[PDB]
Structure formats: C-alpha cells, structure tokens
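Along the sequence shown, the residues carry numbers beginning at 1. Atoms within a ligand are numbered from 1 in the order they appear, just like the ligands themselves.
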Amino acid sequence: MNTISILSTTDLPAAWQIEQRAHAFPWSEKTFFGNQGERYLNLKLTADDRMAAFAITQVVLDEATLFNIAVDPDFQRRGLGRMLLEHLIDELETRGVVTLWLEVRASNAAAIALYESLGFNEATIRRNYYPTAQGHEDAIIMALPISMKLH
Ligand SMILES: CC(=O)SCCNC(=O)CCNC(=O)[C@H](O)C(C)(C)COP(=O)(O)OP(=O)(O)OC[C@H]1O[C@@H](n2cnc3c(N)ncnc32)[C@H](O)[C@@H]1OP(=O)(O)O
C-alpha cells in the first residue's frame, strides 16, 4: 500500500538518503535539515513499510513553494511522484492556497513533465541560475493555479 503522511523528525535520515540518490545536484545536509518546522508542510510517501518519496513545501499567506520533491530511484517511474504531489495539492487547497510555485533545472526533463502534466505553467526564466558540472543551466520558475473547492 501507498501511505502519504506528514514527514517528521524521525523520518529525516531516510529522506536525506533519498535526497542524495535521487537529486543530480543534491542539497547540502545543513540546508536539508533546515527546511523543516515553522510554516513547512512536509510530506512522505511510504510504499509498503519503506519510504519511497518526500516533498518539502512552505506556506506563506495563500501561496506556497514546493522546494523539493524526490522519489527514490528504486521507486521511480511507478507513479508515486504524481500521487505524492496530488495529495499535496489537495492539502494546499483545503488550506486556502491558490498558487503552488517551484523552480526546476531546464534539463530536468522528468520533473518538468510531471509538473506540466499536473497543470504547472512556466512563469519566468532565470538564465544560468543553476551550476552544472561544466557551466550553467537555466532555472524555470513554474506556477500551478489551484482552484477553490467547497468544503
Ligand atoms: C522543485 C524541485 O524539487 S525540482 C527537483 C525535482 N526532483 C528531482 O529532480 C529528483 C530526481 N527525480 C525524481 O525524484 C523523480 O524523477 C520525480 C520526482 C521527478 C518523478 O517521480 P516519478 O515518481 O518518477 O514520477 P512519476 O512516475 O509519477 O511519473 C510522473 C510523470 O513524470 C513524467 N516522467 C517521470 N519520469 C520521467 C522520465 N524519466 N522521463 C520522462 N518523463 C518522465 C511522466 O509524465 C510521468 O507521467 P506519465 O504518467 O504522464 O507517464
């Protein structure tokens, strides 16, 4: 079974393992352990007693930023990234959040396709914002409008 839940202190070591195997340009550890607590809505997805994925999000006013989503390589291309994001989007809506923002590497083909498929729109481009092995890469800033439901 696939269980989506709040990512809490105890979950962080396993999440850091996912961060390090999934991200082609991983955060540092200090940054990773710093994106928790006040105004963070952080989620994990548990596939049969193993963490499969996590997502780091911050809520300010009626907007939010997805700072990070990652599915462990063992669990990728199985639909779990989408399911985790979908559950986050639902939760944001119940919190009154009208827009989810993110930035992504222009070459992260897989991430962009997930986002586009969920209805993210390119908003703005930051040229050569991301460091690579040899030079730089653009950052694509994307926004997802989340329309209001009845409760
Ligand atoms: C704001 C940020 O965090 S940007 C950083 C994003 N995270 C990373 O780059 C970490 C490394 N990558 C990952 O962890 C995963 O690849 C994720 C998060 C991008 C996607 O998770 P997955 O679970 O693999 O994706 P999932 O299976 O749900 O598939 C989602 C969709 O993405 C697309 N997609 C996913 N992987 C790929 C791929 N490798 N190539 C092309 N398209 C892909 C497809 O649209 C797929 O949807 P489909 O059902 O329409 O065929």
Going by distance only, is there an N or O of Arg77 that falls short of 3.5 Å from an N or O of ligand 1?
yes
According to the salt bridge (charged side-chain N to carboxylate O under 4.0 Å, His left out) rule, which pairs have a member within residues 21-34, sequence neighbours left out?
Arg21-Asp72
Between CD of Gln36 and CG of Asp11, what distance do you get to the nearest 0.5 Å?
9.0 Å
Looking only at protein heavy atoms, identify the closest one to atom 7 (N) of ligand 1 and say how far it is in Å.
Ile69 O, 2.8 Å
Which heavy atom of the protein is the closest neighbour of atom 27 (O) of ligand 1, given with residue, atom name and distance?
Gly79 N, 2.9 Å
Answer with side chain, backbone, both or neither: which part of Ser117 has a heavy atom less than 4.0 angstrom from an atom of ligand 1?
neither
Nearest-0.5 Å distance, CZ of residue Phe75 to CG of residue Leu80
7.5 Å
Within a reach of under 6.0 Å around NE2 of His136, are more than 12 heavy atoms found that belong to other residues, nucleotides or ligands?
no
Is the shortest side-chain N to carboxylate O distance from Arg95 to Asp90 below 4.0 Å?
no
Relative to ligand 1, is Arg105 under 4.0 angstrom through side chain, backbone, both or neither, heavy atoms considered?
neither
I need the atoms of ligand 1 closer than 4.0 Å to a non-hydrogen atom of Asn68, numbered in the order shown.
3 (O)
Find the distance between CD1 (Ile89) and CG (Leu118) and round it off to the nearest 0.5 Å.
5.0 Å
Side chain, backbone, both or neither: which part of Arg78 has a heavy atom under 4.0 Å from ligand 1?
backbone
To the nearest 0.5 Å, what is the distance between CD on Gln58 and CG on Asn42?
9.0 Å
The closest protein heavy-atom partner of atom 15 (C) of ligand 1 is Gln76 NE2, 3.7 Å
Interatomic distance, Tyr115 atom OH to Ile69 atom CD1 [nearest 0.5 angstrom]
6.5 Å
What protein heavy atom sits nearest atom 17 (C) of ligand 1, and how far off is it?
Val71 CG2, 4.5 Å
Is there any N or O on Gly81 that sits under 3.5 Å from an N or O of ligand 1?
yes
Hey, is atom 1 (C) of ligand 1 touched by any protein heavy atom at less than 4.0 Å?
yes
For atom 11 (C) of ligand 1, the protein heavy atom that lies nearest, with its residue and separation:
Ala22 O, 3.1 Å
Straight-line distance of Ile146 CD1 to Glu91 CD, nearest 0.5 Å
11.0 Å
Considering only protein heavy atoms, which is closest to atom 5 (C) of ligand 1, and at what distance to one decimal place?
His23 CE1, 3.6 Å
Taking the side chain as every heavy atom from C-beta outward, state whether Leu100 and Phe120 have any atom pair closer than 4.5 Å.
yes
What part of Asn108 sits under 4.0 Å from ligand 1 if we count only heavy atoms: the side chain, the backbone, both or neither?
side chain
Atom 49 (O) of ligand 1 - nearest protein heavy atom and its distance:
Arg82 NH1, 3.9 Å
Side chain, backbone, both or neither: which applies to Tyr115 and ligand 1 if a contact is any heavy-atom pair less than 4.0 Å apart?
side chain
I'd like to check the ring-ring contact (aromatic ring centres under 6.0 Å, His included) partners of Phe67; sequence neighbours left out, ordered by chain and number.
none
Is any heavy atom of the protein nearer than 4.0 Å to atom 32 (O) of ligand 1?
yes
Under 4.0 Å from one or more heavy atoms of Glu103, ligand 1 contributes atoms 1 (C), 4 (S)
Counting only heavy atoms not in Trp27 (residues, nucleotides, ligands), do more than 12 fall under 6.0 Å from its CH2?
yes
Should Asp138 and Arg105 count as an ion pair when the cut-off is N to O under 4.0 Å?
no
Are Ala70 and ligand 1 in contact, using a heavy-atom cut-off of under 4.0 Å?
yes
Give the residue, atom name and distance (to 0.1 Å) of the protein heavy atom nearest atom 30 (C) of ligand 1.
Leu114 CD1, 3.8 Å
Only heavy atoms of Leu66, strictly under 4.0 Å: list the atoms of ligand 1 that pass.
1 (C)
Quick one: does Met83 get within less than 4.0 Å of ligand 1, heavy atoms only?
no
